[PDB]
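Notes follow the structure.
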Amino acid sequence: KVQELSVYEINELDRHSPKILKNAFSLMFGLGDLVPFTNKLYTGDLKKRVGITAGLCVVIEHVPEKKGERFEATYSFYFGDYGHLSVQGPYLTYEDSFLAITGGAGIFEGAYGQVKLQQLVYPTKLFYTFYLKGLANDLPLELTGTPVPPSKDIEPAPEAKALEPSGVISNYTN
Amino acid sequence: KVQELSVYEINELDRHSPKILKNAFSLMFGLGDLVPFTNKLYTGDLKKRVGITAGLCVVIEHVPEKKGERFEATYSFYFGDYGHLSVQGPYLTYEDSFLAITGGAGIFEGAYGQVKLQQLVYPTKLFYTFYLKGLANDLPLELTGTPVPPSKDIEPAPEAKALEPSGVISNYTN
Amino acid sequence: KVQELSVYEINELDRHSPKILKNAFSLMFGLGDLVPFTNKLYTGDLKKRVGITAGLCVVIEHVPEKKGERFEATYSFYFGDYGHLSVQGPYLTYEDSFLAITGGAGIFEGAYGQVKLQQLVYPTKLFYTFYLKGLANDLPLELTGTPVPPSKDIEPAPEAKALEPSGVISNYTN
């Protein structure tokens, strides 16, 4: 069975990220450019800080027709002591995409399926919906609150941005 | 149940690829050298352009006794509107290898198994056979035409090279 | 059915590894720094050389309060003619972690699950415990011997370090 899990990834610009290694033949982004990154991750209902994303975007090409870039991305999503999910696939700055769920650990051991990536504000706000298969158990209720509908205006709960106990999961990843 | 899917990956020299990021203290490839890449991808029967490969080869070592290199590769195969497959594992310039199928998306959601990489003409032509498990449905017929047996002299159909509708899949990746 | 598999990873200083690609503006590791690496891999009982590890550590952040680093790692474990296992996940220099098994090839085709990483000497000796599902067959007995108790003092069997027939698996990876 599929268990839907939604999360918001927010770049609050306080993690030295993105770091752009610029090597391409072109002034614009192009093959050769690498972007290691790490953003914050919140629950789909925006009530709690869960952890971080972490990994590498490999630039594949500039896409002038779409005024954007194609990256190939390899990264993980960290949920404090619950574990993590890993993914691989396309990040297009100009449109939504789906990535492969390559596996997980902790409660996410056995994870497979795909995840939808929706960019809400370039490059600071993204919304994901994992269509998760393979998990041993139902997801914890803490993570499965009704998601806030995605739009450019979303913000995590103030207590979650503030790292108050009510706004974080235990040992949220940082 | 295994569904075999074969494709040809061709470097037509028009995608700025490969891009070599040099760090090893050697005239030869060595650990430290990174090689982002993206080549064109055609059906196993060579009749249609499907998309591209995209990702990163990490040089592991030069192998003088084999006159070649070992890379560790993490990358995806894009099939236009159908989705993508992702892989991880060894690319040896000097011999065939098997890589892990880490997952997929679109029609390839749930994909697992291994893929055989056959190096046909270095560095411009490779032939792959995915031994695909976990797919929801039989693959579309236009992807499963009897493959052209691999040889150094294979060429995509002229319609596929020229990007005519009869020689491409819908929204073929570029 | 889960099959447990333990192996030792040792940096014997003869593979040019690790290579530190320094891009962060600090003397400390930081986002931007990339570390391609490849170490030797021995059985859990330390009697046999099996192969190598090979891949890339991406620095995510320095963790000064823990006197260590967080990396996001993408790499494979090579077992000679047996095949390989691929992983994605966290490597923290200051505490044990679990990584996702993203897939495998050979006897490891269909592999999934998670793997524990335990550092014994930073960064030259590590001990892993794979929790493997999905395999077609029971693991070969030469890989499932009782592990040597993990400590900073572990050493491969003399025959294995010297690459004598009795101390290696067939076509052990190098």
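Every chain in the structure tokens has a letter given in the order shown (A, B, ...), and although residue numbers restart at 1 in each chain, ligands are simply numbered from 1 in the order shown.
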
As a PyMOL selection string, could you give me every residue of chain C near chain B (at most 6 Å apart, counting only C-alpha atoms)?
chain C and resi 19+36+55+102-105+109-110

Picked from chain B by DSSP as strand (DSSP E or B), as a count of residues only
83

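Nearest residue to residue 107 of chain A among A:173, A:53, A:137, A:43 is A:137, counting only C-alpha atoms.
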
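The gap separating atom CA of residue 144 of chain A from atom CA of residue 159 of chain A is 18.4 Å, in Å to one decimal.
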
Contacts of residue 127 of chain B at 9 Å (only C-alpha atoms; same-chain gap of 2+ positions) as an mmCIF file with N, CA, C and O atoms, in the first residue's frame:
```cif
data_model
loop_
_atom_site.group_PDB
_atom_site.id
_atom_site.type_symbol
_atom_site.label_atom_id
_atom_site.label_comp_id
_atom_site.auth_asym_id
_atom_site.auth_seq_id
_atom_site.Cartn_x
_atom_site.Cartn_y
_atom_site.Cartn_z
ATOM 1 N N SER B 6 16.328 -2.795 -23.415
ATOM 2 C CA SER B 6 17.660 -2.398 -23.914
ATOM 3 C C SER B 6 17.628 -1.023 -24.535
ATOM 4 O O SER B 6 16.636 -0.626 -25.169
ATOM 5 N N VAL B 7 18.724 -0.291 -24.362
ATOM 6 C CA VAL B 7 18.859 1.040 -24.947
ATOM 7 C C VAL B 7 20.301 1.259 -25.383
ATOM 8 O O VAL B 7 21.227 0.638 -24.846
ATOM 9 N N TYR B 8 20.484 2.172 -26.319
ATOM 10 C CA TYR B 8 21.808 2.592 -26.760
ATOM 11 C C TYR B 8 22.041 4.002 -26.298
ATOM 12 O O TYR B 8 21.201 4.880 -26.532
ATOM 13 N N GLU B 9 23.210 4.224 -25.676
ATOM 14 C CA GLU B 9 23.638 5.550 -25.210
ATOM 15 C C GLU B 9 24.753 6.008 -26.138
ATOM 16 O O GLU B 9 25.755 5.302 -26.303
ATOM 17 N N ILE B 10 24.561 7.161 -26.781
ATOM 18 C CA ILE B 10 25.520 7.642 -27.763
ATOM 19 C C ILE B 10 25.943 9.069 -27.456
ATOM 20 O O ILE B 10 25.111 9.946 -27.222
ATOM 21 N N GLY B 44 16.448 0.242 -27.997
ATOM 22 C CA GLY B 44 17.296 -0.916 -28.300
ATOM 23 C C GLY B 44 17.265 -1.282 -29.783
ATOM 24 O O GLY B 44 18.246 -1.811 -30.301
ATOM 25 N N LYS B 116 22.930 -4.422 -17.220
ATOM 26 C CA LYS B 116 24.224 -4.711 -17.815
ATOM 27 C C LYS B 116 24.633 -3.588 -18.745
ATOM 28 O O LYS B 116 23.901 -3.261 -19.686
ATOM 29 N N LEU B 117 25.816 -3.029 -18.493
ATOM 30 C CA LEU B 117 26.459 -2.015 -19.324
ATOM 31 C C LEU B 117 27.511 -2.701 -20.214
ATOM 32 O O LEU B 117 28.454 -3.306 -19.710
ATOM 33 N N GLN B 118 27.336 -2.592 -21.536
ATOM 34 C CA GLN B 118 28.292 -3.152 -22.502
ATOM 35 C C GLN B 118 28.980 -2.029 -23.244
ATOM 36 O O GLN B 118 28.323 -1.214 -23.880
ATOM 37 N N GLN B 119 30.307 -1.949 -23.144
ATOM 38 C CA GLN B 119 31.002 -0.829 -23.802
ATOM 39 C C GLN B 119 31.379 -1.246 -25.217
ATOM 40 O O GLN B 119 32.197 -2.141 -25.393
ATOM 41 N N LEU B 120 30.816 -0.545 -26.199
ATOM 42 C CA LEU B 120 30.846 -0.934 -27.600
ATOM 43 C C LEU B 120 31.923 -0.190 -28.382
ATOM 44 O O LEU B 120 32.720 -0.805 -29.097
ATOM 45 N N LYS B 125 29.835 5.021 -27.716
ATOM 46 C CA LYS B 125 28.660 4.123 -27.832
ATOM 47 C C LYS B 125 28.632 3.074 -26.727
ATOM 48 O O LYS B 125 29.593 2.310 -26.568
ATOM 49 N N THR B 129 21.282 -3.389 -21.060
ATOM 50 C CA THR B 129 20.093 -4.247 -20.895
ATOM 51 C C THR B 129 19.687 -4.210 -19.435
ATOM 52 O O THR B 129 20.423 -4.711 -18.561
ATOM 53 N N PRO B 150 24.331 -5.595 -30.548
ATOM 54 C CA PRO B 150 25.404 -4.610 -30.447
ATOM 55 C C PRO B 150 26.658 -4.922 -31.280
ATOM 56 O O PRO B 150 27.155 -6.052 -31.260
#
```

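Picture a line from atom CA of residue 138 of chain A to atom CA of residue 82 of chain A; it runs 12.5 Å.
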
Return as number ranges by chain the full set of residues in segment 2-144 of chain C whose backbone-based DSSP assignment is helix (DSSP H, G or I).
C: 64-66, 80-82, 141-143

Name all residues at most 7 Å from residue 84 of chain A (count only C-alpha atoms; drop same-chain ones fewer than 5 positions away) and give them as a PyMOL selection string.
chain A and resi 76-79+104-106+108

Please produce an output containing N, CA and C atoms for each residue in the selection, written as a PDB file, in the first residue's frame.
```pdb
ATOM      1  N   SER A  76      19.319  13.247   0.355  1.00  0.00           N
ATOM      2  CA  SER A  76      18.500  12.613   1.377  1.00  0.00           C
ATOM      3  C   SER A  76      17.662  13.614   2.159  1.00  0.00           C
ATOM      4  N   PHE A  77      16.594  13.089   2.755  1.00  0.00           N
ATOM      5  CA  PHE A  77      15.663  13.850   3.600  1.00  0.00           C
ATOM      6  C   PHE A  77      15.742  13.258   4.985  1.00  0.00           C
ATOM      7  N   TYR A  78      16.103  14.072   5.983  1.00  0.00           N
ATOM      8  CA  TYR A  78      16.350  13.588   7.365  1.00  0.00           C
ATOM      9  C   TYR A  78      15.221  13.967   8.303  1.00  0.00           C
ATOM     10  N   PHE A  79      14.758  12.971   9.053  1.00  0.00           N
ATOM     11  CA  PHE A  79      13.605  13.140   9.933  1.00  0.00           C
ATOM     12  C   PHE A  79      14.014  12.822  11.374  1.00  0.00           C
ATOM     13  N   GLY A 104      15.688   3.915   2.152  1.00  0.00           N
ATOM     14  CA  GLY A 104      15.592   4.688   3.392  1.00  0.00           C
ATOM     15  C   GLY A 104      16.207   3.915   4.529  1.00  0.00           C
ATOM     16  N   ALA A 105      16.200   4.519   5.712  1.00  0.00           N
ATOM     17  CA  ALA A 105      16.708   3.872   6.926  1.00  0.00           C
ATOM     18  C   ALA A 105      15.808   4.257   8.088  1.00  0.00           C
ATOM     19  N   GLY A 106      15.935   3.538   9.204  1.00  0.00           N
ATOM     20  CA  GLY A 106      15.034   3.779  10.326  1.00  0.00           C
ATOM     21  C   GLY A 106      13.638   3.293   9.985  1.00  0.00           C
ATOM     22  N   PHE A 108      11.968   4.235   7.684  1.00  0.00           N
ATOM     23  CA  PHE A 108      11.853   4.244   6.238  1.00  0.00           C
ATOM     24  C   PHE A 108      12.603   3.108   5.560  1.00  0.00           C
TER      25      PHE A 108
END
```

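Distance-wise, atom CA of residue 169 of chain B and atom CA of residue 122 of chain B end up 26.5 Å apart.
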